[PDB]
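S.K.: Note that PDB author numbering has the sequence shown beginning at 426, numbered continuously upward.
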Amino acid sequence: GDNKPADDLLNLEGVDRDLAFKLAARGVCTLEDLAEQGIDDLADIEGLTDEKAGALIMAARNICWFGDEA
């Protein structure tokens with residue numbers, strides 16, 4: 426993952442240091458970039474489930490979109 430994931434992605438619960446590289450190597454170098462991904466888009470990832478992808482992507486969206494407020 427030359428792109429390297431942002432600390433938000435690495436420190437985001439649900440994403441291990443490895444998935445961070447698996448996500449950063451896919452163009453998502455920041456947690457916000459993950460909020461733009463879809464369960465079907467991350468479905469190709471390895472170790473990610475359809476329900477987990479909905480939460481992982483929602484975890485970044487909640488922090489990137491709703492933010493700490495929610």
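Ideal Cβ positions, reconstructed from N, Cα and C, are used throughout, including at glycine.
1. If you drop the 5 nearest sequence neighbours on each side, which residues of the same chain put their C-beta closer than 7 Å to that of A431?
2. Are the CB atoms of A484 and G426 nearer to each other than 8 Å?
3. Let me know if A445 comes out buried or exposed under the rule of 16 or more other beta-carbons within 10 Å of its beta-carbon.
4. Cutting at 8 Å between CB atoms, please list the residues of its own chain near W490, excluding the five before and the five after it.
5. Using the three-state DSSP reduction, which class does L437 fall into: helix, strand or coil?
M.R.: Walking through what the data contain:
1. Counting only residues of its own chain and dropping the five nearest sequence neighbours on each side, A431 has a CB closer than 7 Å to the CB of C454, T455 and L456.
2. Not a contact, by the Cβ cut-off of 8 Å.
3. Here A445 is buried, its C-beta having at least 16 other C-beta atoms within 10 Å.
4. Excluding residues within five positions, the ones whose Cβ falls inside 8 Å are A460.
5. In the displayed model, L437 falls within coil according to three-state DSSP, outside both helix and strand.
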